[PDB]
Amino acid sequence: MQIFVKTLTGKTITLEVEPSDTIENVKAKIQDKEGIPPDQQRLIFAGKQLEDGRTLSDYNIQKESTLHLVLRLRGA
Amino acid sequence: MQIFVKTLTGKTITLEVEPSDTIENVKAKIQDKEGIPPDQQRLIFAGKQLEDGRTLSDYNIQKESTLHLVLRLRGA
Amino acid sequence: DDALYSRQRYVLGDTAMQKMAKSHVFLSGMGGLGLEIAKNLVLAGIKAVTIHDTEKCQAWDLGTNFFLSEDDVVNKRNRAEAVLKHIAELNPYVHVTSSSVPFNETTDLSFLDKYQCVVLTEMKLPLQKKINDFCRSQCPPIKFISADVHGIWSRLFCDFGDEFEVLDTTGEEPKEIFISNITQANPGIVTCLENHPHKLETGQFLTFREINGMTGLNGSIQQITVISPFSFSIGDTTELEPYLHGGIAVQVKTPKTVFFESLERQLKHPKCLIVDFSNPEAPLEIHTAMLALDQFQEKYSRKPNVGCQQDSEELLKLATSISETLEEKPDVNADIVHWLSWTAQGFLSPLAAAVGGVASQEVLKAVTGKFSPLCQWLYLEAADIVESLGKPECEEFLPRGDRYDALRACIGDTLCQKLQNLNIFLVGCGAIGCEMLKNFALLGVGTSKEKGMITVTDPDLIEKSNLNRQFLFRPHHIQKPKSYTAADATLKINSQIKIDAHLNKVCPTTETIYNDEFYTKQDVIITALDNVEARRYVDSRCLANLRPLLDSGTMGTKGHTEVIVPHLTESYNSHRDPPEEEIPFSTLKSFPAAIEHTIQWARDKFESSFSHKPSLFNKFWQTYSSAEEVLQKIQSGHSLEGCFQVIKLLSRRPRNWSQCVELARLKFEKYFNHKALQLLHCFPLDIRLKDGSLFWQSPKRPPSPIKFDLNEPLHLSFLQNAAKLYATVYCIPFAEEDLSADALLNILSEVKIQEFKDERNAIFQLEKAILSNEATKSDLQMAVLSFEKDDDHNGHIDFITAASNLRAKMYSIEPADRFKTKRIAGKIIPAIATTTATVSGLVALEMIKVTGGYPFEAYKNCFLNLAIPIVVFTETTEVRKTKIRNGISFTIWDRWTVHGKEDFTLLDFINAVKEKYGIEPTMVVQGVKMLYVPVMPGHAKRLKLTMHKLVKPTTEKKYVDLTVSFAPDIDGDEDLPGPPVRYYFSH
Amino acid sequence: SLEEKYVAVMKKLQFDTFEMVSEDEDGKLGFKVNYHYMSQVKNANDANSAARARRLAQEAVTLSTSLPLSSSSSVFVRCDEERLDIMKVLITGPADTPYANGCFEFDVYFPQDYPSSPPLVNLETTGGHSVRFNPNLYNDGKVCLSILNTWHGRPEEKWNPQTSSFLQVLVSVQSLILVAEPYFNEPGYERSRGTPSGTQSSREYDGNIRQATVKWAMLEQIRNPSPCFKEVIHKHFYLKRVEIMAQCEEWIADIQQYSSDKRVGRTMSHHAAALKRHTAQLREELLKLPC
Ligand SMILES: O=P(O)(O)O[C@H]1[C@H](OP(=O)(O)O)[C@@H](OP(=O)(O)O)[C@H](OP(=O)(O)O)[C@@H](OP(=O)(O)O)[C@H]1OP(=O)(O)O
Ligand SMILES: *P(=O)(O)OC[C@H]1O[C@@H](n2cnc3c(N)ncnc32)[C@H](O)[C@@H]1O
């Protein structure tokens, strides 16, 4: 089951996941190629942020769907 | 004669050894208990890292003592 | 001048800055939207800007324009002329002109070719079509932009001709990778170093250099095909030599060509941009409804009347007719049409502000081509406000004859009345703060005489560079409190505003004045801070008072908005932030590989040499009055802290200018000559490792000693700055003429340079200084400096740049200019007005969502990056459920209470907790000061102590809050966290 | 038998607390003892951190009993009576090392965000920043360990809040840095292991280290013991006086055997003279030591 994530600044990543896979492992499999801590990244899908512990079936995430990664800012 | 052990993950392993047990043996022996590679199998008892050829009573260690694990060095 | 565009240069660049000059842009229509876009564009600093309006000022416009006043309304001036004076006050470097030439179908468009971009506001659609057709046919084509706002709806359109060229897709700097292995295969393979994945995408371009073995690849360009995270594919390499080592690759950017459409062609299938994936189909319906409204306005030459049901039916029929005509034939949202009909003639300020910010950014994209422009439509709206309103009465939306008629038509009188009674608290008066104040003034927040009050605190004084982004101040306001200047500027806009301004800085120490009752009196808190620690502190403070909290942050073309509501959402501390990384110490000290390494090394050396040592010297010599006393104590063997360093510094104290010059020469020699020699001596070049790999392999780069030479401008600047700093630090006066190259050359003509290779010596030198009368009280004083980035004459930046370039040349790495090094050293945050304005609009928009007590679903959080450009909206985090044991659970909003007395003891507290909440704790700490831990010795008897004595509180506080924990159900586990408990000393 | 008495006595002084900072009515913090990070402690006035308290509370139970204790080497720890974010740790040089019966005090601070970040570690007994006792060490007391450094490296070589513990950090130090051949802790020179040049370099390094540690590890401590560890120091050295004297004489005999060399003769003679000078005073310092 193929899935894509597009973070800001135009970066798009290709991921392989399975529906019963839970969210903490979902965010874990991106660290092997990006290095960001799983607790350091926020993931968004169709306007609902993915809470820890659930799985893709909970959020009805299908093949070739697009999720995004976001970060907070500090400057003012 | 078993001896207690405290590893990095904190679990207290206590496995039967012999007074004549040489560390070459334990290098392979404890490998799969956590998958820890032999090079990363860096240990100390009496606060001192051990040597493969010597036996337990060579250092005059007692039964059911407790030693600890450490990992590979790397500098600044 | 960089003193005005320091921040802007980082965002744009020098070449884009040059293209920014010699620019002319035409504007039509100075409504609220036109006013704010002109303000933003003037803040940008375009050479020449032309504005136009044929209308006249009216009293109703006072609620939409913050520059108009009663006199202009009385005099019925043309809106183009009544403001032309004020806009010039922002930037004298900007030439501004007004016009009032009537516009119609037969008006000649030839004169418009003078400019290069045109933006239209409040214009009839067919004439816009004609203008776009004319402009797009120009050679070169002239950029066209259209935008409008009606009620709670806005429309964005763009056209840059059939073909456009962009010189930078993203603006993010290319990264650098190091080569671990290369395979002479068809196609070739290159392996990344251990760890550090290349993080690339197939199709990108790159260049190489400094390759051993495969030297023919140096200076060439390939296209990649990523295979693994640590490997990829390149062109055929079978024809070259074997890969020995080395090799540095960096991405090569490429310009991209985009395409557009005519307005009319886009009208049959607008290419909108999705900003919310919950309803991706909504923008098509919004476009259809906007088209139907335009058709109605054309047909009846008027806007629909609020509550006029027949107009609603006619507009719905028109929308049905248009929707089927569309290429895709979308559905019809009757609610959308009804709401648009209800508030067609309204006007909302924050939405206009955000639209203006994004439009100004698009204008910058048009004039520079720096970022990827939007293609080719955009629609923003805030229907959630009226979504929870149900079915209101049109009577509440009727105007009463005040400046708030438009907003009353937008939302209803009662909501506005609630806005005028709000006590709001704001922290920080940065760039976002001024926009906040402007929006509040336009919204009439807190204008009620009975109630409604604003509090702002900031210790900062006005700075020259800040005026580029902060508009509420003026150049003649330099070195003045920000709060009072901002308050006066806001009060000038609207007299009814009641503002409280402070110079205070929020921090744990000043918590006394900002006591809990102060927070409770306030209704909501807004943050505009630049550091995360203040965010955490304010969030923790407001958590104790259960008040809504709002936060936003910005950097360049990126920003984020967060909303916090008690009992419903999570806190800021519920999520972490990426901490700043630090390079391994050994790399900075010995083997730098990046320019920033040398920059930080120079900064740290400056700090050590000019702050730490003088401070230690002064502290040591204020500790001991008599130097002879110190010598006597040393001779008697008494240990003294830091004695050797300070005595070495004292023995090496210069006396005159030439001594300072010699000291600078010696320090230069040691810094940039001897270290390389010692490193080579300890580490030869050819030494290998156990695997045989050479010690001087990448990323490590062998250094090289470099000989002194006065002729070098780098040398000259370095020595001049060092001598000035030494003279200042030792408080020895000098003359500027001494800095002449000839005089310094004469000074250095007689100085030797040493070659390259305890208590008794220190005592001897101290006694020699004593007998030489070098131990006076004035000698036991030392100047201490502080780093300054805004001072253009202290030479700190010059010295740091010279040192960084010198150390870079030590390791033969490319140097950097003044401004890049200045930004890197100062951690300067690039910023621009467009993003700040847009995020301010978003915050103001959600402010009324907070005010109305809307349900959880209405609130949205926004993340955006105008560089792409891209905008995303989400629903905020729901508060999470946290259970402990026996089904007992709590959230972040929980806090338990205990009422004690004068003789209350610890066992009493423990038993009372066990009874009231059913479970007995195991640990108590007041903040970070621990009060009882059973593990620590002697804590058992602490159970029999008065809480007043054990705590020692302040008399003003009638209570205290403590941290608690409970034993886990199974041993070997962490104590289960619990909500903090507020103990009361009495009833 | 003597080692048994030593272990029994030192066991009771394994862990304890002390009063290091007091407050007036204004809340100002007065440091009764010398500390390295007083500025950071004063600046970090926020008590927002709470998970750190739970983590330290869980840790202290393990720290009360699990500390190593033997005649060869041991560790000691002191903490504040009220605060728990500050800690002084004393380490002794293990047996069969150039650090035999040394004494080394380290300042450790715990950041507010702990355990999200590794705690701060520094050495204070550096002889006034004069001596570099180890390739991974520095005159300022800083240390080269990637495990503490939060840099790219490896995921296994980072401070993982879920797994890494400060006690394991202490355990890492002894047989990894405090080794019998610290000159071979420097990368690149282990490549030349077995060559006579490396042997001579290691010998010179060892003599330098031995004289440095006899200077700044026993005499300085007995003359000016830190108040937190005065009694520990005195009770240690008093029960070890004869053994320490014998081993010192052994070192003095050992070093002079290379004075006949030419490549390192001058350094060896310098080290021998210094060591004899230190031992002369150390003898009487021992003889005057009360029980
Ligand atoms: O005080 P620091 O910033 O730590 O710099 C010191 C200092 O050099 P400066 O006085 O030029 O700053 C030492 O000299 P002294 O103050 O002790 O006389 C010098 O010692 P050397 O003269 O032996 O070079 C040492 O260099 P090193 O650590 O190589 O011994 C160097 O350290 P950095 O240049 O790395 O800061
Ligand atoms: P940018 O610098 O434009 O905006 C930040 C402004 O906030 C002020 N500020 C920072 N930190 C504080 C605290 N703790 N209290 C009050 N004001 C603060 C800066 O001075 C900027 O004006």
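Rules behind the numbers
Counting of residues begins from 1 for each chain and follows its sequence as written, which need not mirror the entry numbering; any residue without coordinates is not displayed. Written order decides the labels, with chains lettered from A and ligands numbered from 1. Only hydrogens and water are set aside; all other atoms, that is, all heavy atoms of the structure, feed into the side-chain values. In DSSP terms, a helix is any run of H or I states spanning at least four residues, a strand is any run of E spanning at least two, and both are numbered starting from the N terminus. Between the two quantities, the radius of gyration covers C-alpha atoms and the globule rule is 2.2 Å times the number of residues to the power 0.38. Any two residues whose heavy atoms approach within 4.5 Å are treated as being in contact. UniProt positions are given in the numbering used here, feature names are shortened, and annotations may be inferred rather than shown by experiment. Here the term buried applies to any residue with accessible area under 20% of the maximum for its type, exposed to any over 50%, and partly exposed to those in between, with areas from a 1.4 Å probe on protein chains only. One heavy atom within 4 Å of a molecule or strand makes the whole residue count as near it. In protein, a polar contact requires one atom able to donate a hydrogen and another able to accept it; more generally it is a pair of N or O atoms within 3.5 Å, and residues adjacent in sequence count only if both atoms are side-chain atoms. The protein chains shown are the only cover counted for residues, whose accessible areas, like all others here, come from Shrake-Rupley with a 1.4 Å probe. Here, a salt bridge means any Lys or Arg side-chain nitrogen found within 4 Å of an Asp or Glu carboxyl oxygen. Two strands make a pair as long as DSSP finds a minimum of two bridges between them. Each axis is a line fitted through C-alpha atoms, and for a helix only the stretch in contact is used; angles between axes span 0 to 180 degrees, taken between their N-to-C directions. Think of a patch as exposed residues, more than 30% relative accessible area, with no salt bridge, where like charges cluster within 9 Å and nonpolar side chains (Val, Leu, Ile, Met, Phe, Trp, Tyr) cluster within 5 Å. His residues and chain termini do not enter the charge count, which takes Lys and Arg as positive and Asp and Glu as negative. Just so you know, the charge point we use is NZ for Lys, CZ for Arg, CG for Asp and CD for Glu. When two parts are brought into contact, each loses some accessible area as probed by a 1.4 Å sphere; the total of that loss over both is the buried area. The nonpolar core is taken to be a set of buried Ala, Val, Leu, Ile, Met, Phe, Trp, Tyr and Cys residues, with the residues joined through side-chain atoms within 4.5 Å. For classification, angles of less than 35 degrees are called roughly parallel, those exceeding 145 degrees roughly antiparallel, those between 65 and 115 degrees roughly perpendicular, and all remaining angles oblique. When the near helix sits turned anticlockwise from the far one by under a right angle, the crossing is termed left-handed; a clockwise turn instead gives a right-handed crossing. Under the scheme applied here, ten amino acids are nonpolar (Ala, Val, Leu, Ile, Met, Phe, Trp, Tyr, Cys and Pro), four are charged (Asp, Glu, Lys and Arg), and all others, including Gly, are polar. Every helix has an expected span of 1.5 Å times one less than the residues it contains.

Structure determination for the deposited model, as stated in its record, used cryo-EM, and the stated resolution is 4.27 Å.

Chain D is annotated in the PDB entry as Dual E2 ubiquitin-conjugating enzyme/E3 ubiquitin-protein ligase BIRC6 from Homo sapiens.

Under the PDB entry, chain A has the name Polyubiquitin-B and belongs to Homo sapiens.

Turning next to the overall build of chain D. Within chain D, the secondary structure is distributed over eight helices and seven strands. For chain D, the C-alpha radius of gyration of 21 Å lies close to 19 Å, the compact-globule estimate for 291 residues. If you line up chain D on its principal axes, its C-alpha atoms span 65 × 50 × 40 Å. Nonlocal contacts in chain D, meaning residues at least 24 apart in sequence, comprise 58% of its contacts between residues at least 6 apart.

Turning our attention to the UniProt feature "active site" in chain D. If you check UniProt for "active site", the listed places come out as D:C144 in our numbering. Residue placement: D:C144 occurs in the loop between β7 (120-123) and α4 (166-177). On the accessibility criterion, D:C144 (3% relative accessible area) is buried. Setting aside chain neighbours within four positions, we find D:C144 in contact with B:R74, B:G75, B:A76, C:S586, D:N136 and D:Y138.

Of all residues adjacent to ligand 2, which total 14 residues, the nearest are A:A76, C:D458, C:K482, C:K505 and C:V506. Neighbouring residues of ligand 2 are not confined to a single chain but are spread across chains A and C. Within the side chain of C:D458, a nitrogen or oxygen atom sits 2.9 Å from an oxygen atom of ligand 2. Between ligand 2 and the protein, one listed contact pairs a nitrogen atom with a backbone N or O atom of C:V506 at 3.0 Å. When ligand 2 sits alone it has 480 Å² of accessible area, and the protein chains cover 86% of it.

For the structure on display, the rule yields 56 salt bridges over all chains. Notably, a salt bridge pairs B:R74 with D:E157, separated by 2.1 Å at the nearest N-O pair. Taken together, the positions of B:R74 in the segment after β4 (66-70) and D:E157 in the loop between β7 and α4 put the pair across two chains. Close ionic contact of C:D903 with C:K901 constitutes a salt bridge, the shortest N to O distance being 3.9 Å. The structure contains a network of salt bridges with shared partners spanning C:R400, C:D402, C:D405, C:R408 and C:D413.

Turning our attention to the sheet that holds strand β12 (residues 221-223) of chain C. All names here are of chain C. In space, the seven strands of this open sheet follow the order β12-β10-β16-β8-β9-β14-β13, with antiparallel pairing throughout. In this open sheet, the two edge strands, each paired with only one partner strand, are β12 and β13 (225-228). Strand-to-strand twist of the sheet, defined as the mean angle between neighbouring strand axes without regard to direction, takes the value 40 degrees. Here strand β9 (residues 189-192) runs beside strand β14 (residues 231-233); their pairing, made up of three bridges, is antiparallel. Opposite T191, over in β14, you have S231 as the bridge partner.

Attention shifts here to the site of ligand 1. All names here are of chain C. Around ligand 1, the neighbouring residues are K589, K605, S608, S609, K613, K648, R652, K667, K670, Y671 and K675. Within the side chain of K613, a nitrogen or oxygen atom sits 3.1 Å from an oxygen atom of ligand 1. At 3.5 Å from an oxygen atom of ligand 1 is found a side-chain nitrogen or oxygen belonging to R652. A total of 660 Å² of accessible area belongs to ligand 1 in isolation, and the protein chains cover 56% of it.

In this section: a positive patch on the surface. Where like charges cluster on the molecular surface, the positive patch consists of C:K589, C:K613, C:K648, C:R652, C:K670, C:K675, D:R132 and D:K142. Checked against the element boundaries, C:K589 lands in helix α20 (residues 585-589). What makes C:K589 partly exposed here is its relative accessible area of 43%.

Another point: the interface of chain C and chain D. Listed by partner, the interface residues are 40 residues for chain C and 37 residues for chain D. Of the roughly 3300 Å² buried between chain C and chain D, counting both surfaces, carbon and sulfur atoms make up 57%. Broken down residue by residue, the surface that chain C buries against chain D is led by C:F585, C:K690 and C:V928, which jointly contribute 18%. Across the chain C-chain D interface, the total number found is two salt bridges. C:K690 is the salt-bridge partner of D:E190, the closest N and O atoms lying 2.9 Å from each other.

In this assembly four pairs of chains touch, with chains C and D having more contacts than any other pair. Nothing in chain A touches chain B, and the closest approach of their C-alpha atoms is 19 Å. Looking at chain A next to chain D, you find no contact at all, with the nearest C-alpha pair sitting 9 Å apart.

A few words now on the nonpolar core. Looking at soluble globular proteins, one finds that nonpolar side chains tend to be buried together. Residues C:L27, C:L33, C:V119, C:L472 and C:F473 are the most contacted members of the largest nonpolar core, which totals 90 residues. Residues contacting C:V119, with those up to four places away along its chain left out, are C:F26, C:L27, C:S28, C:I37, C:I145 and C:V363. By size, the runner-up hydrophobic cluster in this structure holds 60 residues, among which are D:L90, D:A100, D:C228 and D:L275.

Residue and element names in this part refer to chain C. As a packed pair, helix α24 (residues 657-682) and helix α25 (residues 713-729) sit with axes 9 Å apart at the nearest point and diverge in direction by 125 degrees. Considering the angle they form, α24 stands oblique to α25. For the pair α24 and α25, the sense of crossing is right-handed. For the pair formed by α24 and α25, the contact residues are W657, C660, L663, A664, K667, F668 and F672 on the first element and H715, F718, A722, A723 and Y726 on the second. A class-by-class count of the residues in the contact of α24 with α25 yields 10 nonpolar, one polar and one charged.

Moving on, we get to the side chain of D:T279. All names here are of chain D. Of note, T279 is situated in helix α8 (residues 265-287). Within the local environment of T279, its side chain forms a polar contact with the backbone oxygen of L275, the two atoms lying 2.8 Å apart. With sequence-adjacent residues up to four places away left out, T279 is seen in contact with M245, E249 and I252.

On to the sheet that holds β4(B), then. Where strands meet in a sheet, backbone hydrogen bonds hold them as pairs that are either parallel or antiparallel. All names here are of chain B. Reading across the sheet, the four strands line up as β2-β1-β4-β3 and stay open at both edges, with mixed pairing between neighbours. Strand pairing shows two members of the sheet lacking a second neighbour, β2 (12-16) and β3 (42-44), which therefore form its edges. Sheet twist, expressed as the average angle between the axes of neighbouring strands with direction ignored, equals 30 degrees. Direction of pairing for strand β1 (residues 2-6) relative to β2: antiparallel, over a ladder of five bridges. Residue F4 lies in a different strand from β2, and its bridge partner there is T14.

Before going further, it helps to spend a moment on helix α9 (residues 282-300) of chain C. The end-to-end C-alpha separation of α9(C) is 27 Å, in line with the 27 Å expected for 19 residues at 1.5 Å each. Phi turns positive, to about 55 degrees, at C:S301, one or two residues after α9(C).

Residues and elements named next belong to chain C. By secondary structure assignment, the location of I87 is in helix α6 (residues 84-90). According to the relative accessible area criterion, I87 is buried, its value standing at 7%. With 140 residues separating them along the chain, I87 and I227 place their C-alpha atoms 56 Å apart. Leaving out residues up to four positions away in the same chain, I87 has contacts with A38, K39, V42 and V96.

Residue and element names in this part refer to chain C. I336, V337, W339, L340, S341 and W342 are the residues of helix α11 (residues 334-342) that are buried. Lining the buried residues of α11 we find β6 (153-159), α9, α10 (309-325) and α13 (384-387). Here α11 starts with a cap whose side-chain oxygen sits 3.0 Å from the backbone nitrogen of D335, and that cap is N333.

If a residue is not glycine, its phi is most likely negative; likewise, a peptide bond is most likely trans. Residues and elements named next belong to chain C. Of note, the bond from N186 into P187 is cis; its omega dihedral lies within 30 degrees of zero at 0 degrees. Residue placement: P187 occurs in the loop between β8 (176-183) and β9. Between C375 and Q376 the backbone carries a cis peptide bond, its omega angle lying at 0 degrees. When you line up the elements, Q376 lands in the loop between α12 (349-368) and β18 (377-378).

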